[PDB]
Amino acid sequence: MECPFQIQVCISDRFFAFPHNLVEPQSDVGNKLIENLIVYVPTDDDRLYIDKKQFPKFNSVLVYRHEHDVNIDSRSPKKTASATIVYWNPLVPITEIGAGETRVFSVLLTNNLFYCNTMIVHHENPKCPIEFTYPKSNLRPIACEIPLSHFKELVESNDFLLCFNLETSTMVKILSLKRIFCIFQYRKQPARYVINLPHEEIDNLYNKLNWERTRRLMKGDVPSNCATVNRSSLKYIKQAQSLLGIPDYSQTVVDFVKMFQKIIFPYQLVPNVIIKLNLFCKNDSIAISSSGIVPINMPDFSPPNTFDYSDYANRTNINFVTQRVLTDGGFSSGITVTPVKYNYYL
Amino acid sequence: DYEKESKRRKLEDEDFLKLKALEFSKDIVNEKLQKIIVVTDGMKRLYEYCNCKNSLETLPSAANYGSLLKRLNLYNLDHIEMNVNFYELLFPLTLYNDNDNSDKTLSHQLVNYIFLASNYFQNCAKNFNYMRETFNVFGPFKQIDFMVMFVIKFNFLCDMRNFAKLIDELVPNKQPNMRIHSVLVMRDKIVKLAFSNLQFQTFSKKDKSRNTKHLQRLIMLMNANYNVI
């Protein structure tokens, strides 16, 4: 994982297509420009989207499918000073370094590249793709492993069905998903989409995406308010909808959350939807004036010892109140009384 | 004095340009088929060798090529390989995935033609000794294997000339279709595997035979190397 010091990494959302303009020859200590350029790609499929004529500078171009090697460690990559090398969305540890610089243009930031250098090309005003499910439209399925085929449809059409062969390893599925998600975030309007895979695998993919975005943020990428939603949270949202939400809105999750955003501030308390949407890691909110949310907390933290609970925590008081309510209501059981103890400060 | 705003606006406009430039991948003209047409027509005109009255469904018959073989003995044919770059030969076809579906007949005709080529080459490999016998009937030739391979590939080239004479009106595309490409890949696997399990008596003709430009162009095109024009 300890990245070699010759690697330069550029990360951007718009790298789903090959960035021909950015590829340039490198010079070794020999101070001679090297024109024999060699490129690597994940699978043979990507070879069909690399023009040999988009590199006027370079004399000769050779393409290969990046197939993982075992005889060479990443600590000491093999050096071939006779040809420049440029990687594209690599999914396994890099093992071959060309003369001088060696750029790696990728849309995914795994662990293998984390400790390398970085130049993130962040993005402005991303669109959030809309996830839904059919249970009335002309579903337009898309070959996830080769999204570049259906670029025009993705630009134009609205509904889309993520589809994966069973051959694809987890990493390639992740890469294709990230490609399509970047395509959406660049789209002019939000696009609807679904996945034809078992739910557990979808959760694994979304965990992978969340950690990828975490690494991107830890390297200084601009935050994106667009993100996936946990399936359990989805079930909670569906229950809330069935309770009161009649239709199926496009961004019904955002609808709930904003419908309670309207009330977060004036009553000074968290809407329970947010609480259930989330041990510890307790969430809060702010106003321009100094005040917390959950207890109306001060900007420091939960106070250690503010006032005694003598009149409440004593078993006598709780028992008396329990007996009073039980006698008044006619119950025999099923009623629990708890002292008001979660009183940080009024 | 300031910053950020320049970078942010440039990035946003470049993003819009990228989403527009996606559509730039459409192509306006093909060249591989043009080279095919040029070479086939040039050779046919130069030597009248287009005795084009045979379909790919069966092996060519030596009765239609005896004098052709006799003439072929004049030239040297050591440059010609034995196997077939089937993938390379048929690569230009896949480029014609028309936008949306102008007419579904195009894709099915492509699939049918690919499978026809598959069966043709399978039959050619299967009856190799039959052709060796038939072309030894008219007389032995030191480069008999070269003659057989050239005759087969030339019949295929004439048939492809006729087939693609009907599609060049359409528009090619830089991104070949996935389905057509996969069919071509698997068929190329089949053809190469079929050809690799044989033995060939290659002959070296060290005599400085006459070099015809059309002949060398046809030889290079047959092995599907398009560095001819």
# chains A, B, ... in the order shown; residues from 1 in each chain; ligands from 1

$ residues_around --residues "range 180-186 of chain B" --least-positions-apart "4" --cutoff "9 Å" --atoms "only C-alpha atoms" --output "ChimeraX atom specification"
/B:86-87,90-91,93-94,97,107,110-111,114-115,176,190-191

$ write_last_selection --atoms "N, CA, C and O atoms" --output "PDB file, in the first residue's frame"
ATOM      1  N   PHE B  86      -9.470 -13.723 -38.920  1.00  0.00           N
ATOM      2  CA  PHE B  86     -10.918 -13.631 -39.073  1.00  0.00           C
ATOM      3  C   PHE B  86     -11.473 -12.418 -38.345  1.00  0.00           C
ATOM      4  O   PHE B  86     -12.268 -11.648 -38.904  1.00  0.00           O
ATOM      5  N   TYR B  87     -11.066 -12.234 -37.089  1.00  0.00           N
ATOM      6  CA  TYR B  87     -11.462 -11.042 -36.352  1.00  0.00           C
ATOM      7  C   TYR B  87     -11.078  -9.788 -37.119  1.00  0.00           C
ATOM      8  O   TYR B  87     -11.897  -8.883 -37.310  1.00  0.00           O
ATOM      9  N   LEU B  90     -13.167  -9.316 -40.467  1.00  0.00           N
ATOM     10  CA  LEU B  90     -14.561  -8.918 -40.342  1.00  0.00           C
ATOM     11  C   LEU B  90     -14.776  -7.753 -39.388  1.00  0.00           C
ATOM     12  O   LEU B  90     -15.922  -7.341 -39.189  1.00  0.00           O
ATOM     13  N   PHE B  91     -13.711  -7.206 -38.809  1.00  0.00           N
ATOM     14  CA  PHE B  91     -13.854  -6.061 -37.918  1.00  0.00           C
ATOM     15  C   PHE B  91     -14.645  -4.893 -38.500  1.00  0.00           C
ATOM     16  O   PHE B  91     -15.474  -4.330 -37.766  1.00  0.00           O
ATOM     17  N   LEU B  93     -17.238  -4.620 -40.196  1.00  0.00           N
ATOM     18  CA  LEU B  93     -18.685  -4.789 -40.263  1.00  0.00           C
ATOM     19  C   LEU B  93     -19.380  -4.251 -39.019  1.00  0.00           C
ATOM     20  O   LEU B  93     -20.427  -3.603 -39.117  1.00  0.00           O
ATOM     21  N   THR B  94     -18.812  -4.500 -37.840  1.00  0.00           N
ATOM     22  CA  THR B  94     -19.515  -4.197 -36.599  1.00  0.00           C
ATOM     23  C   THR B  94     -19.770  -2.709 -36.409  1.00  0.00           C
ATOM     24  O   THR B  94     -20.597  -2.334 -35.569  1.00  0.00           O
ATOM     25  N   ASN B  97     -23.691  -0.119 -36.439  1.00  0.00           N
ATOM     26  CA  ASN B  97     -24.864  -0.096 -35.569  1.00  0.00           C
ATOM     27  C   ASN B  97     -25.568   1.236 -35.770  1.00  0.00           C
ATOM     28  O   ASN B  97     -25.160   2.258 -35.215  1.00  0.00           O
ATOM     29  N   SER B 107     -28.967  -5.539 -38.706  1.00  0.00           N
ATOM     30  CA  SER B 107     -28.271  -6.335 -37.701  1.00  0.00           C
ATOM     31  C   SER B 107     -28.395  -7.825 -37.985  1.00  0.00           C
ATOM     32  O   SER B 107     -27.417  -8.574 -37.858  1.00  0.00           O
ATOM     33  N   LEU B 110     -26.235  -8.825 -40.793  1.00  0.00           N
ATOM     34  CA  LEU B 110     -24.862  -8.915 -40.316  1.00  0.00           C
ATOM     35  C   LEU B 110     -24.617 -10.242 -39.607  1.00  0.00           C
ATOM     36  O   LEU B 110     -23.634 -10.936 -39.888  1.00  0.00           O
ATOM     37  N   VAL B 111     -25.519 -10.617 -38.700  1.00  0.00           N
ATOM     38  CA  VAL B 111     -25.361 -11.866 -37.955  1.00  0.00           C
ATOM     39  C   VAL B 111     -25.346 -13.052 -38.912  1.00  0.00           C
ATOM     40  O   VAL B 111     -24.515 -13.964 -38.800  1.00  0.00           O
ATOM     41  N   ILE B 114     -22.116 -13.222 -40.832  1.00  0.00           N
ATOM     42  CA  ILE B 114     -21.026 -13.687 -39.980  1.00  0.00           C
ATOM     43  C   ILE B 114     -21.085 -15.200 -39.826  1.00  0.00           C
ATOM     44  O   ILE B 114     -20.071 -15.896 -39.952  1.00  0.00           O
ATOM     45  N   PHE B 115     -22.276 -15.732 -39.551  1.00  0.00           N
ATOM     46  CA  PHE B 115     -22.406 -17.180 -39.413  1.00  0.00           C
ATOM     47  C   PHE B 115     -22.139 -17.899 -40.729  1.00  0.00           C
ATOM     48  O   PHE B 115     -21.595 -19.010 -40.728  1.00  0.00           O
ATOM     49  N   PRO B 176     -18.164   0.150 -32.042  1.00  0.00           N
ATOM     50  CA  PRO B 176     -18.850  -1.027 -32.580  1.00  0.00           C
ATOM     51  C   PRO B 176     -19.831  -1.597 -31.572  1.00  0.00           C
ATOM     52  O   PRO B 176     -19.658  -1.466 -30.358  1.00  0.00           O
ATOM     53  N   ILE B 190     -13.401 -19.928 -32.748  1.00  0.00           N
ATOM     54  CA  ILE B 190     -13.715 -21.205 -33.388  1.00  0.00           C
ATOM     55  C   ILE B 190     -12.837 -21.416 -34.614  1.00  0.00           C
ATOM     56  O   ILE B 190     -12.247 -22.487 -34.807  1.00  0.00           O
ATOM     57  N   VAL B 191     -12.734 -20.392 -35.459  1.00  0.00           N
ATOM     58  CA  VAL B 191     -12.004 -20.525 -36.716  1.00  0.00           C
ATOM     59  C   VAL B 191     -10.524 -20.767 -36.453  1.00  0.00           C
ATOM     60  O   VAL B 191      -9.899 -21.642 -37.067  1.00  0.00           O
TER      61      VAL B 191
END

$ interface_residues --of "chain A" --to "chain B" --cutoff "10 Å" --atoms "only C-alpha atoms" --output "PyMOL selection string"
chain A and resi 13-15+17+45+48-51+121-125+143+146+148-149+151-153+155+183+186-188

$ write_last_selection --atoms "N, CA and C atoms" --output "PDB file, in the first residue's frame"
ATOM      1  N   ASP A  13     -14.627  13.164 -11.859  1.00  0.00           N
ATOM      2  CA  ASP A  13     -15.853  12.463 -12.214  1.00  0.00           C
ATOM      3  C   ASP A  13     -15.974  12.264 -13.717  1.00  0.00           C
ATOM      4  N   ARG A  14     -15.406  13.166 -14.518  1.00  0.00           N
ATOM      5  CA  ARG A  14     -15.585  13.136 -15.964  1.00  0.00           C
ATOM      6  C   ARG A  14     -14.486  12.347 -16.665  1.00  0.00           C
ATOM      7  N   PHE A  15     -13.915  11.362 -15.987  1.00  0.00           N
ATOM      8  CA  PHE A  15     -12.910  10.498 -16.580  1.00  0.00           C
ATOM      9  C   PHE A  15     -13.483   9.179 -17.075  1.00  0.00           C
ATOM     10  N   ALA A  17     -14.715   8.607 -19.802  1.00  0.00           N
ATOM     11  CA  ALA A  17     -14.114   8.509 -21.120  1.00  0.00           C
ATOM     12  C   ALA A  17     -12.637   8.853 -21.018  1.00  0.00           C
ATOM     13  N   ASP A  45     -12.806  -4.989 -23.136  1.00  0.00           N
ATOM     14  CA  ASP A  45     -13.913  -4.191 -23.643  1.00  0.00           C
ATOM     15  C   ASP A  45     -13.522  -2.727 -23.794  1.00  0.00           C
ATOM     16  N   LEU A  48     -12.090  -0.873 -26.984  1.00  0.00           N
ATOM     17  CA  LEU A  48     -12.931  -0.382 -28.060  1.00  0.00           C
ATOM     18  C   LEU A  48     -13.370   1.056 -27.847  1.00  0.00           C
ATOM     19  N   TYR A  49     -12.725   1.776 -26.933  1.00  0.00           N
ATOM     20  CA  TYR A  49     -13.023   3.185 -26.725  1.00  0.00           C
ATOM     21  C   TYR A  49     -11.749   3.995 -26.542  1.00  0.00           C
ATOM     22  N   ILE A  50     -10.677   3.606 -27.222  1.00  0.00           N
ATOM     23  CA  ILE A  50      -9.408   4.314 -27.180  1.00  0.00           C
ATOM     24  C   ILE A  50      -8.946   4.495 -28.617  1.00  0.00           C
ATOM     25  N   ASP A  51      -9.081   5.709 -29.136  1.00  0.00           N
ATOM     26  CA  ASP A  51      -8.682   5.985 -30.506  1.00  0.00           C
ATOM     27  C   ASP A  51      -7.164   5.988 -30.615  1.00  0.00           C
ATOM     28  N   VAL A 121      -9.884  16.798  -9.440  1.00  0.00           N
ATOM     29  CA  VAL A 121     -10.645  17.788 -10.196  1.00  0.00           C
ATOM     30  C   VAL A 121     -12.077  17.679  -9.683  1.00  0.00           C
ATOM     31  N   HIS A 122     -12.404  18.497  -8.687  1.00  0.00           N
ATOM     32  CA  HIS A 122     -13.720  18.418  -8.074  1.00  0.00           C
ATOM     33  C   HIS A 122     -14.782  18.955  -9.031  1.00  0.00           C
ATOM     34  N   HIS A 123     -16.036  18.854  -8.605  1.00  0.00           N
ATOM     35  CA  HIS A 123     -17.179  19.087  -9.472  1.00  0.00           C
ATOM     36  C   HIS A 123     -18.125  20.099  -8.837  1.00  0.00           C
ATOM     37  N   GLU A 124     -18.922  20.744  -9.683  1.00  0.00           N
ATOM     38  CA  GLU A 124     -19.841  21.793  -9.267  1.00  0.00           C
ATOM     39  C   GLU A 124     -21.282  21.347  -9.473  1.00  0.00           C
ATOM     40  N   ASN A 125     -22.107  21.550  -8.451  1.00  0.00           N
ATOM     41  CA  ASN A 125     -23.550  21.339  -8.527  1.00  0.00           C
ATOM     42  C   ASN A 125     -23.933  19.988  -9.136  1.00  0.00           C
ATOM     43  N   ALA A 143     -26.196  -1.918 -20.524  1.00  0.00           N
ATOM     44  CA  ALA A 143     -25.068  -2.819 -20.279  1.00  0.00           C
ATOM     45  C   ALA A 143     -24.085  -2.137 -19.339  1.00  0.00           C
ATOM     46  N   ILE A 146     -20.242  -2.047 -20.009  1.00  0.00           N
ATOM     47  CA  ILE A 146     -19.806  -1.173 -21.093  1.00  0.00           C
ATOM     48  C   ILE A 146     -20.795  -0.022 -21.225  1.00  0.00           C
ATOM     49  N   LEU A 148     -20.311   2.961 -22.059  1.00  0.00           N
ATOM     50  CA  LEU A 148     -19.964   3.869 -23.144  1.00  0.00           C
ATOM     51  C   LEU A 148     -20.782   3.613 -24.399  1.00  0.00           C
ATOM     52  N   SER A 149     -21.323   2.406 -24.561  1.00  0.00           N
ATOM     53  CA  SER A 149     -22.174   2.126 -25.712  1.00  0.00           C
ATOM     54  C   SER A 149     -23.442   2.967 -25.684  1.00  0.00           C
ATOM     55  N   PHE A 151     -24.269   5.898 -24.278  1.00  0.00           N
ATOM     56  CA  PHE A 151     -24.116   7.271 -23.802  1.00  0.00           C
ATOM     57  C   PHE A 151     -25.265   8.149 -24.273  1.00  0.00           C
ATOM     58  N   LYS A 152     -25.672   7.998 -25.534  1.00  0.00           N
ATOM     59  CA  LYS A 152     -26.755   8.818 -26.063  1.00  0.00           C
ATOM     60  C   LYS A 152     -28.065   8.526 -25.346  1.00  0.00           C
ATOM     61  N   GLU A 153     -28.356   7.246 -25.110  1.00  0.00           N
ATOM     62  CA  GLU A 153     -29.564   6.890 -24.375  1.00  0.00           C
ATOM     63  C   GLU A 153     -29.524   7.445 -22.959  1.00  0.00           C
ATOM     64  N   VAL A 155     -27.958  10.069 -21.910  1.00  0.00           N
ATOM     65  CA  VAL A 155     -28.199  11.504 -21.999  1.00  0.00           C
ATOM     66  C   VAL A 155     -29.682  11.785 -22.198  1.00  0.00           C
ATOM     67  N   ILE A 183     -21.972   9.678 -14.834  1.00  0.00           N
ATOM     68  CA  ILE A 183     -22.746  10.063 -16.012  1.00  0.00           C
ATOM     69  C   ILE A 183     -24.037  10.749 -15.591  1.00  0.00           C
ATOM     70  N   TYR A 186     -23.551  14.228 -14.122  1.00  0.00           N
ATOM     71  CA  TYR A 186     -23.331  15.213 -15.173  1.00  0.00           C
ATOM     72  C   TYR A 186     -24.562  15.456 -16.035  1.00  0.00           C
ATOM     73  N   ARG A 187     -25.600  14.635 -15.904  1.00  0.00           N
ATOM     74  CA  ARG A 187     -26.786  14.775 -16.736  1.00  0.00           C
ATOM     75  C   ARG A 187     -27.470  16.113 -16.472  1.00  0.00           C
ATOM     76  N   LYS A 188     -28.229  16.574 -17.466  1.00  0.00           N
ATOM     77  CA  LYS A 188     -28.907  17.859 -17.356  1.00  0.00           C
ATOM     78  C   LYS A 188     -30.087  17.813 -16.394  1.00  0.00           C
TER      79      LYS A 188
END

$ select_by_dssp --residues "range 90-180 of chain B" --states "alpha helix (DSSP H)" --output "PyMOL selection string"
chain B and resi 90+105-126+128-137+144-164+178-180

$ residues_around --residues "residue 175 in chain A" --least-positions-apart "4" --cutoff "12 Å" --atoms "only C-alpha atoms" --output "count of residues only"
32

$ closest_residue --among "B:7, B:45, B:53, B:187" --to "residue 162 in chain B" --atoms "only C-alpha atoms"
B:53

$ closest_residue --among "A:285, A:317, A:327, A:252" --to "residue 132 in chain A" --atoms "only C-alpha atoms"
A:252

$ closest_residue --among "B:96, B:2, B:226, B:75" --to "residue 208 in chain B" --atoms "only C-alpha atoms"
B:75

$ residues_around --residues "residue 148 in chain B" --least-positions-apart "6" --cutoff "9 Å" --atoms "only C-alpha atoms" --output "JSON, numbers by chain"
{"B": [69, 128, 131, 132, 135]}

$ residues_around --residues "residue 138 in chain B" --least-positions-apart "5" --cutoff "10 Å" --atoms "only C-alpha atoms" --output "ChimeraX atom specification"
/B:62-63,65-67,69-70,133

$ residues_around --residues "residue 69 in chain A" --least-positions-apart "4" --cutoff "10 Å" --atoms "only C-alpha atoms" --output "ChimeraX atom specification"
/A:73-74,92-96

$ write_last_selection --atoms "N, CA, C and O atoms" --output "short mmCIF file (atom, residue, chain, number, x, y, z; two decimals), in the first residue's frame"
data_model
loop_
_atom_site.label_atom_id
_atom_site.label_comp_id
_atom_site.auth_asym_id
_atom_site.auth_seq_id
_atom_site.Cartn_x
_atom_site.Cartn_y
_atom_site.Cartn_z
N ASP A 73 6.51 -6.97 -6.85
CA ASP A 73 5.87 -6.29 -5.74
C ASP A 73 5.61 -4.83 -6.07
O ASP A 73 6.32 -4.21 -6.87
N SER A 74 4.58 -4.28 -5.44
CA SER A 74 4.27 -2.86 -5.60
C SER A 74 5.30 -1.96 -4.95
O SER A 74 5.44 -0.81 -5.37
N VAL A 92 -6.33 -3.06 -9.66
CA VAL A 92 -5.41 -3.93 -8.94
C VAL A 92 -4.13 -3.13 -8.72
O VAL A 92 -3.96 -2.07 -9.35
N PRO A 93 -3.23 -3.55 -7.83
CA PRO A 93 -2.02 -2.75 -7.59
C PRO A 93 -1.23 -2.52 -8.87
O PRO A 93 -0.96 -3.45 -9.63
N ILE A 94 -0.85 -1.26 -9.09
CA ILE A 94 -0.02 -0.93 -10.23
C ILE A 94 1.33 -1.63 -10.08
O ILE A 94 1.87 -1.75 -8.98
N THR A 95 1.87 -2.11 -11.20
CA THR A 95 3.10 -2.87 -11.16
C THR A 95 4.13 -2.46 -12.20
O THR A 95 5.25 -2.99 -12.17
N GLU A 96 3.82 -1.54 -13.11
CA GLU A 96 4.75 -1.17 -14.16
C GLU A 96 4.81 0.34 -14.29
O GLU A 96 3.77 0.99 -14.42
#

$ residues_around --residues "residue 38 in chain B" --least-positions-apart "5" --cutoff "12 Å" --atoms "only C-alpha atoms" --output "list in words"
residues 31, 32, 33, 43, 44, 45, 46, 157, 158, 161, 165, 214, 217, 218, 221, 226, 228 and 229 of chain B

$ atom_distance --atom1 "CA of residue 129 in chain B" --atom2 "CA of residue 144 in chain B"
11.6 Å

$ closest_residue --among "A:261, A:204, A:111, A:322" --to "residue 231 in chain A" --atoms "only C-alpha atoms"
A:204

$ atom_distance --atom1 "CA of residue 176 in chain A" --atom2 "CA of residue 195 in chain A"
12.5 Å

$ atom_distance --atom1 "CA of residue 127 in chain A" --atom2 "CA of residue 191 in chain A"
9.0 Å

$ select_by_dssp --residues "range 21-101 of chain A" --states "strand (DSSP E or B)" --output "PyMOL selection string"
chain A and resi 27+33+36-41+60-65+78-80+84-88+96-98
